[PDB]
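This document opens with one chain alone, in structure tokens, the form deposited in one PDB entry.
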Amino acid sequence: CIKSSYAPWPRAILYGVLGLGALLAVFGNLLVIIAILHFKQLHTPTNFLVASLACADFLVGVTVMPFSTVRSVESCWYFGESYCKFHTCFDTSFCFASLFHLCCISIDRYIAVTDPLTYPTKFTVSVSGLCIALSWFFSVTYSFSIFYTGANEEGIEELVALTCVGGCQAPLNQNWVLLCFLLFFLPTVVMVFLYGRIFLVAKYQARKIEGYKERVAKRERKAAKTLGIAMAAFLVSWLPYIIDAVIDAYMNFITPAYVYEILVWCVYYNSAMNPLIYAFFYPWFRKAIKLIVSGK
């Protein structure tokens, strides 16, 4: 439809800031899916969740990432109008599957920390399997039934570029934006509450071990930084988008297209940081990754 190219200034550093995320989310994730399969020591029921999250994130990195990069910098979608129906249905499922995987990971961590004695019996491969079969089903029966059937555009077509050629977007309407808001919100309160309880337990154990403020301070800092890193990496990536989505539906669609693409990448990018935080932050994973890179 000859839509305005909307080309940016020659400061095209964006390619070297957007493509690196795809390279990370592909290579560092494929290197994690191998360390859980080759080695026979990492076959624990709590590592299957991490492997499933890694696969769901590698799917994003290998399918949606590059096309999203091209669409965001060039603002013109040169890949055919056929894909627009499938591309918008891939990330909508994969990101929510990753969010629910994070929810079960937090639940698992809370169960392990709060209840250490009867941990093996209460959390087996089945529960790990059950967690995986629910999140995926959840990310598939929402994305397909809300986005593929085109039931999210029942009234709003005033965003001149859904009514064009070569334009693809996800303009949630008034009714279904509340459903999306709840989806993102439900698995966040539980995770925050569980991490708060874990931090309180860690502080109590640090208090018990010593006995001196100068000594408890280091333990508190150590126990708080690990949780805060994950909390920030999740919130500052997911929050920006949901806020924008909730504000244009009830609001009369005021949002320049040159920022919406930037905002979406904020949710996407959480993909490049998820494996580097949940896998590489530990000694064991860091040894296996080192061995895989080497000849052996």
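Residue indices: 1-based, along the sequence shown. Rigid core: the largest C-alpha set superposing within 1.5 Å between the two forms.
If you look for the form deposited in another entry, you will not find it shown, but the lines that follow are about it.
Engineer: Once the core is superposed between this form and the one not shown, does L24 show a C-alpha displacement of at least 2 Å?
Structural biologist: No; that C-alpha moves by less than 2 Å between this form and the one not shown.
Engineer: Taking the rigid core as the superposition reference, indicate whether the CA of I111 shifts 2 angstroms or more between this form and the one not shown.
Structural biologist: False for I111: its C-alpha shift is below 2 Å.
Engineer: Would you tell me if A288 moves between this form and the one not shown by 2 Å or more at its C-alpha, with the rigid core held superposed?
Structural biologist: It does, since the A288 C-alpha is displaced 2 Å or more between this form and the one not shown after the core fit.
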